[PDB]
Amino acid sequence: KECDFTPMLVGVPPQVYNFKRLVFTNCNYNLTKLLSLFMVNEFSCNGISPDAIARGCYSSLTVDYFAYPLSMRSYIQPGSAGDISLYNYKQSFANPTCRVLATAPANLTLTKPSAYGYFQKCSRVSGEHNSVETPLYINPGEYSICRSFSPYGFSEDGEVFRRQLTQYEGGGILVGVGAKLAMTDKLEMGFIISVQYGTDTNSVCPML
C-alpha cells in the first residue's frame, strides 16, 4: 500500500491555528514526488538530513500542513517569538522534523481561502471581579484552545471572541482576538514533516 497525500492537494487548506495532521503507518511514500508539485521556498530540517528524509524507513510519518503566507516566514523559524509561536503553531523538535514553505501554482486542484488568519491573543479571564488574565500559550506541536472560535477563517481583522470555559478546559472566560492577512497572488503553504522511529517496526519505507 502507498501513503496518499490527497487532502494536501484537494479542497481548501486550513489556517495555521487549525492545521490538519496526517499520520501514516504501514504504507510507502515518494517524498520527492510531492515537493515537485510545489515551488518550495524553504526546506530546513532538524535531526534528519533534507536528503535522508526521502530515503528512510520509518515507524510512522506525520505531516502538519496549513495555509501560510510567505511574508510571515520569520515567525515560523525555530526559536521565533510572536503571535504564531504563542497562539497558533510551534514546531516540535522531539523527533527529526523538516519545515517546508512552498507556493502552489495553479496547476494543482486545491483552492485559495478567503484570506490568511492567525490569532493575536488567546487568554483566560478568572478571579475576583474577573481580574486575573492568564495568557494561554501552546506547547510545541499542539492546538490553541482558541481554534474552535473560528474554524474557517476570520470575517474581519481584530475579531474579538469570548466564551465561557468548562472545568475540564480550566474554567473562566476564554477571550481571543484574531488577525486577518490579505491573500497573495498564488497559494502559499506550510508543511511540517516529522518522523518517528521504532525499535524494529519501520514499516513506512519509501517507494522504489
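Note that residue numbering follows the sequence shown and begins at 1.
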{"item": "Between the two ranges 136 to 144 and 24 to 32, the one averaging a larger CA B factor in the entry", "value": "24 to 32"}
{"item": "Stretch with the greater mean C-alpha B-factor as recorded in the entry, comparing 82 to 90 against 108 to 116", "value": "108 to 116"}
{"item": "Given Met39, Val160, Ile173, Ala67, the residue at which the Cα B factor reaches its maximum", "value": "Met39"}
{"item": "Third of the chain, ranked by Cα B-factor, where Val12 sits", "value": "highest"}
{"item": "Where the record places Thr166 (Cα B-factor, split into thirds across the chain)", "value": "middle"}
{"item": "Chain-relative CA temperature factor third for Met189", "value": "middle"}
{"item": "Chain-wide C-alpha B factor ranking for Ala52, given as lowest, middle or highest third", "value": "highest"}
{"item": "Assigned third (lowest, middle, highest) for the C-alpha B factor of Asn46", "value": "lowest"}
